[PDB]
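Next comes just one chain, in structure tokens: the form deposited in one PDB entry.
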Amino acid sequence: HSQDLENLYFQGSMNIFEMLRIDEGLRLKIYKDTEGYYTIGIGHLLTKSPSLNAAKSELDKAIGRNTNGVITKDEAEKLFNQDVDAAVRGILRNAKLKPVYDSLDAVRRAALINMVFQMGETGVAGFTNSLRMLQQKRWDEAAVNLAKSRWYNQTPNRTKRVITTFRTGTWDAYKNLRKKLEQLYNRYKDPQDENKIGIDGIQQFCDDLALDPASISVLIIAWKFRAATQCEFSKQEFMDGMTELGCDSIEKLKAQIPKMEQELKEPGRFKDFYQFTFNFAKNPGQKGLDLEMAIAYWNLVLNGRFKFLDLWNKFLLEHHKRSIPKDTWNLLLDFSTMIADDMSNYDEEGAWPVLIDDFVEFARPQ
């Protein structure tokens, strides 16, 4: 089969896919990109349809099996290699890029392809002088010139690695990045399970970031790392998150935290964070969230936002209810958003959870 990765075994193990895995990141489950479109792998758009089922159909078609929206790294590489072939075809039809591309060795061609993936042909073609320097093998001068650009300002850590690749014609920047992340991960990993960071390592990570593990900032970090569960931090989560956040050190991650916090002010992002909290907090083996844990996280995330939070605590402390289902968790935010200061506009026919109907009856008097 034409796309089999065995057909590439004569290449080096480092390649354009591994390069973009470091610079852009790899996602193995369907997700919505910036513009809200279903995507997988390394930036592989599946469809503009709002239908997840449509996206899954395209994915199942491309992979040759029932993926249910989840793929392996090798499958992502096959999709990516198709995308690279198309990008190279475009480069080769581009009168300004073709001569540069043709002149470069394989490693530096990967650096040029990386640029095209990030900014498109027009963007890359605008680097007239730097492209000429590359064609003339004036590597140090090209590197100096590229570092002066807006590209460098937009993504300095990625751009520095791509520039190093042009300067040296080696994969050194990527080997170094990988080692730095491995060595940092190793500071936190569970000594009995190299696949995750346990409670002790999470505490150490918080200590290194000078944050209280019970702070909202630490939950915000977990949200940005798309962490599955509060009780562990997987190697994959750690690597994907450091990649997505453009950080290869604790100092860089620390500097990123206020930027993460600011995102909560953008449209829909607090809701996304609030909904994330339920799955993160709950025991993986349970469908619902134990009431006591729900109360603790509600107090962390809603204090100062939900004007009836103290009354909600009073109500629940009387309650028996063992646990909270996802829909009830989600709808409390909607309730908080719509409710009048005196609860006078509650719609009992709005199909709110019974828990919220009961709360309104309890609270109105107070």
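Residues carry their position along the shown sequence, with the first being 1. We call the rigid core the largest set of C-alpha positions that still match within 1.5 Å between the two forms.
What follows is about the form deposited in another entry, which we do not show.
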query: Option from 134, 71, 112, 97 moving between the shown form and the other one, CA shift at or above 2 Å, rigid core reference; finding: 71
query: After fitting the core, residue 8 CA displacement of 2 Å or more between the shown form and the other one; finding: yes
query: Is_shifted residue 353 between the shown form and the other one (CA, 2 Å cut-off, rigid core); finding: no
query: Rigid core superposition, residue 313 Cα moves 2 angstroms or more between the shown form and the other one; finding: no
